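A.B. asks: Experimental coordinates for this protein are included below, preceded by the sequence.
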Amino acid sequence: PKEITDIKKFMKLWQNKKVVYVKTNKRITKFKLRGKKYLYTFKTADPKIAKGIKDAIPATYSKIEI
Amino acid sequence: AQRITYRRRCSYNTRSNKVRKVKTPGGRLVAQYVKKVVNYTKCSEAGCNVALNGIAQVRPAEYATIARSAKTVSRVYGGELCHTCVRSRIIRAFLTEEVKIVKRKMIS
Amino acid sequence: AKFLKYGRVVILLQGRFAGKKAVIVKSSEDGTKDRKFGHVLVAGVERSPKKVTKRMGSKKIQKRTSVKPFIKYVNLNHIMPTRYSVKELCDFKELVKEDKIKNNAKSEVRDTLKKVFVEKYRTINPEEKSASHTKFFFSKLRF
Amino acid sequence: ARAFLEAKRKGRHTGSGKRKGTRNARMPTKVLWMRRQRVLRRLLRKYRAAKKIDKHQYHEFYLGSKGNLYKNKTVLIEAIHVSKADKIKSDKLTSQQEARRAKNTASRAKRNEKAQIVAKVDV
RNA sequence: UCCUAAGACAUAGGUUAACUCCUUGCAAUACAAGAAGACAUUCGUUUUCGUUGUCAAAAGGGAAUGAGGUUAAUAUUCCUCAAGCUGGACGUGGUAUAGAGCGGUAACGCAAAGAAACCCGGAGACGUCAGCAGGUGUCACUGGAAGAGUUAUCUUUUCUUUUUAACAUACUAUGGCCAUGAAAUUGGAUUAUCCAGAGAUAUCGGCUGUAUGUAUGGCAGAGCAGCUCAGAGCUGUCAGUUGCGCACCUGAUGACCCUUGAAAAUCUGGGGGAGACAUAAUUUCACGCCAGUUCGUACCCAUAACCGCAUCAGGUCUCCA
RNA sequence: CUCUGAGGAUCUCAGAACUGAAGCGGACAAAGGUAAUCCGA
Ligand SMILES: [Mg+2]
Ligand SMILES: [Mg+2]
Ligand SMILES: [Mg+2]
Ligand SMILES: [Mg+2]
Ligand SMILES: [Mg+2]
Ligand SMILES: [Mg+2]
Ligand SMILES: [Mg+2]
Ligand SMILES: [Mg+2]
Ligand SMILES: [Mg+2]
Ligand SMILES: [Mg+2]
Ligand SMILES: [Mg+2]
Ligand SMILES: [Mg+2]
Ligand SMILES: [Mg+2]
Ligand SMILES: [Mg+2]
Ligand SMILES: [Mg+2]
Ligand SMILES: [Mg+2]
Ligand SMILES: [Mg+2]
Ligand SMILES: [Mg+2]
Ligand SMILES: [Mg+2]
Ligand SMILES: [Mg+2]
Ligand SMILES: [Mg+2]
Ligand SMILES: [Zn+2]
């Protein structure tokens, strides 16, 4: 499992059978890409990055929420 | 107090058979098999025995897994010798040829 | 007693360039605000010319001769002061540019020297007392 | 258990009649020594770092504590105050000279003891 | 299963009426015994280098996995989730070169940065004991929260839970190096030794090596503890401190020998630069595609599953506390 | 049992007083000595 700090690489990865898993925690939110040998997590604190990334969900990738 | 169980069918305590106690998300204390430590890489010259810098100390296998960096250094003998030995080598070779030529001209 | 002179061939001792031969362009007894220790500016053979047979062909003999020069600053302490000297092989005062070095022009000087050396090497004159040395400059040292 | 540790800490339950092991057995001498040495050396380091002592004083005192000359940390401290106060030159003296030096040192001591008093009054 | 050991056995040669017996790793009491490459791709052709076997370790060496869940009985094997390894074979990006990365004075650094014979290395790879230092697990204590025990009296009480796998990235880690400068009113330093002009100490100095360390990912969605509803639901799983405490591991040492403490397979590095190649050639970078066969996995391991004519007061090698 | 002092970081040691059927390593744990003679170091 790898995690990503900078949204850019994350977006290069979800731009590269693709599905995206978003999960809510009290203080934080996480976005999760499945790829052959790695599970990519992306965490953010503030709601701005949050909504912005929710926007970022493309038609190619389907969004699952737990 | 939690007690453990070997997981390997080798109950005898051997340097290769060592175990470490790990605490799981389950709340269990589980034996996990710990690997063996290896000796650091030393310069190969006679009587030298210096610990080489900038090379990884890794169990022999993992040596196929690492990046070129850890396998090497940038000198003339990067992997095999330390700087001191390199240096003394250079110097010795140069000066020895000098004496060689000198003997040559003194012969002719 | 001091021999730092422009044109003295020295060997680099420890460094990625350790074991290579090069000539002193400039010598700063105590150095700049930049390098606060005693150092020398030097131009030398990084990769030496490969051996050339009398049986090879044109393209072979030409390609064989390629030289890759380097220009480095080296603390004098990392240097072995060879007694061989080549002053005239080129004007290093001319081709070694404090500017070009600091100015991100490194590759330019590289080219210039490659040109110069390659030219000189095949042009080596067998009667030159300058040449007995020249050979050694392009010589390969054995450790 | 806790109640006992309580009383043991107040000191009610340690006695000779309550001790089964050797003094050395309970706490081994070597530990006490290591602890003392370590204290003394940590101190000498603080001091030599703060310029209060010089490399010669450092050395002499280091070998001082190595020689069990100082039981307390307090005592090493007193003897540092002494090396500072007494001139560290105690070589080649006639008894006249040492009497004089003694009285000069006694004078200094009295002096500063006095000041150290007066400053606490005004505060 | 592979590797080598103490060892052992073929083959070859010799001995015996014969059976049998003698040698063989430092390999022969033997010897016209091999391996590789390429084109060919069969042969053949051709090239290169060459004296000649095998078995013996379920504690030695030894490529890579973990947590959670499940059965009446198996599970580091099945399920779920998350990883790594070796061998394949191309795809897409990217390094490098008209010969073959770039930075630093230097230790050294950085996803990648051409190659054969050949010769040398490193790891593997190692005794006993003594003390020091650190880490893990455990034990102890502190505030918070949920539950439980006690309550005639006393007890802001007594107990319980309060967890984090392999693996990914970044940092720190007992040592060693590199500068600069050299030390006598010698200094530095350990519990102990011990080090220095063969360069000590010291610099807003620098480089490097080891985690059973820290943070984040894994991860809470799992596990754990409570409380509801009639399979669904809700709440909390938080923040600290100390130990010559204990078991194990690691790090730096010290002492000891008319004792001086395996080897090979395996992974990898260096020196060398013969060859190969323009529409080309070759390259320890990423991400993607394929595979992992055979055998053992139940259960007892003992005052009742073993050996002692037995369900015998005997005997029988280990780990966790 | 009630006090007192000393050793340390950003758990040991020593004093004094009081109190008991003069008991108190209260179980557990845990050498009996001495002087000679003979062997074998
Ligand atoms: Mg996978
Ligand atoms: Mg003890
Ligand atoms: Mg053998
Ligand atoms: Mg034999
Ligand atoms: Mg294995
Ligand atoms: Mg599996
Ligand atoms: Mg692969
Ligand atoms: Mg040893
Ligand atoms: Mg509590
Ligand atoms: Mg350090
Ligand atoms: Mg939950
Ligand atoms: Mg300890
Ligand atoms: Mg043990
Ligand atoms: Mg030895
Ligand atoms: Mg090489
Ligand atoms: Mg029995
Ligand atoms: Mg008393
Ligand atoms: Mg009394
Ligand atoms: Mg009694
Ligand atoms: Mg008797
Ligand atoms: Mg006897
Ligand atoms: Zn060396």
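C.D. replies: Here it is on my side, so go on. Numbers count the residues shown, from 1 in each chain, chains lettered A, B, ... in the order given. Ligands and ions are numbered 1, 2, ... in the order given.
A.B. asks: where exactly do the helices run in the chain?
C.D. replies: No chain in the question, so chain A it is. Counting by DSSP state H, one finds helices in chain A at the ranges A:7-15, A:47-55.
A.B. asks: Correction: the question concerned chain C.
C.D. replies: Going by DSSP H, chain C shows helices at C:58-63, C:92-95, C:98-102, C:106-122, C:129-138.
A.B. asks: circling back to that earlier point, and of the helices of chain A, who's closest to residue D:58?
C.D. replies: Proximity to residue D:58, assessed across those by CB to CB, is greatest for helix A:7-15 (54.6 Å). All C-beta spots, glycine's among them, are computed from the backbone N, C-alpha and C.
A.B. asks: can you put the helices of chain C in TSV and add distance to ligand 22?
C.D. replies: What follows is the helices of chain C, written out as TSV (distance: least, CB to the ion, whole Å):
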stretch	distance to ligand 22
helix C:58-63	37
helix C:92-95	35
helix C:98-102	33
helix C:106-122	32
helix C:129-138	28
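A.B. asks: Residue B:29: which of those is closest?
C.D. replies: helix C:106-122 (59.6 Å).
A.B. asks: Restricting to C-alpha, output that closest one in PDB.
C.D. replies: C-alpha atoms of helix C:106-122 as PDB (Å, rounded to 0.1, in the frame of the first residue of the first chain):
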ATOM      1  CA  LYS C 106      30.400  23.300 -18.900                       C
ATOM      2  CA  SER C 107      29.500  21.200 -21.900                       C
ATOM      3  CA  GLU C 108      30.900  23.900 -24.300                       C
ATOM      4  CA  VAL C 109      34.400  23.700 -22.800                       C
ATOM      5  CA  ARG C 110      34.000  20.000 -22.900                       C
ATOM      6  CA  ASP C 111      33.400  20.100 -26.700                       C
ATOM      7  CA  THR C 112      36.300  22.600 -27.200                       C
ATOM      8  CA  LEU C 113      38.700  20.400 -25.400                       C
ATOM      9  CA  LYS C 114      37.500  17.200 -27.000                       C
ATOM     10  CA  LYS C 115      38.200  18.800 -30.300                       C
ATOM     11  CA  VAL C 116      41.700  20.100 -29.300                       C
ATOM     12  CA  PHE C 117      42.900  16.900 -27.700                       C
ATOM     13  CA  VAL C 118      41.600  14.500 -30.400                       C
ATOM     14  CA  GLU C 119      43.400  16.800 -32.900                       C
ATOM     15  CA  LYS C 120      46.700  16.900 -31.000                       C
ATOM     16  CA  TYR C 121      46.800  13.200 -30.300                       C
ATOM     17  CA  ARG C 122      46.900  12.000 -33.900                       C
END
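A.B. asks: Check what contacts it and list those residues.
C.D. replies: C:43, C:45, C:49, C:65-71, C:89-90, C:95-97, C:100-101, C:134, C:138 (CB atoms under 8 Å, 6 or more residues apart in numbering or on different chains).
A.B. asks: Remind me which helix or strand whichever residue of chain B sits closest to RNA strand F belongs to.
C.D. replies: Using CB to the nearest atom of the strand, the closest approach of chain B to RNA strand F is made by residue B:1 at 21.8 Å. Under DSSP states H and E, no helix or strand contains residue B:1.
A.B. asks: can you list the helices of chain C in JSON lines and add mean neighbour count?
C.D. replies: Formatted as JSON lines, these follow (neighbours: other CB atoms under 10 Å in any protein chain shown):
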{"stretch": "helix C:58-63", "mean neighbour count": "11"}
{"stretch": "helix C:92-95", "mean neighbour count": "14"}
{"stretch": "helix C:98-102", "mean neighbour count": "12"}
{"stretch": "helix C:106-122", "mean neighbour count": "16"}
{"stretch": "helix C:129-138", "mean neighbour count": "16"}
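A.B. asks: Quick one: check stretch B:54-61 for contact with chain C.
C.D. replies: No. Stretch B:54-61 is not in contact with chain C by CB under 8 Å from any CB of the partner chain; minimum separation 12.3 Å.
A.B. asks: partner residues bridging the residue nearest in space to the middle of chain C?
C.D. replies: Nearest residue to the geometric centre of chain C (CA atoms, centre = their mean): residue C:44, 2.1 Å. Residue C:44 has these beta-bridge partners by DSSP bridges: residue C:22, residue C:70.
A.B. asks: list the contacts for it?
C.D. replies: Neighbouring residues of residue C:44 by CB under 8 Å, 6+ apart: C:12, C:17, C:20, C:21, C:22, C:23, C:69, C:70, C:71, C:72.
A.B. asks: what's around the first one, how many residues?
C.D. replies: In this case it means residue C:12. By other CB atoms under 10 Å in any protein chain shown, 22 other residues sit near residue C:12.
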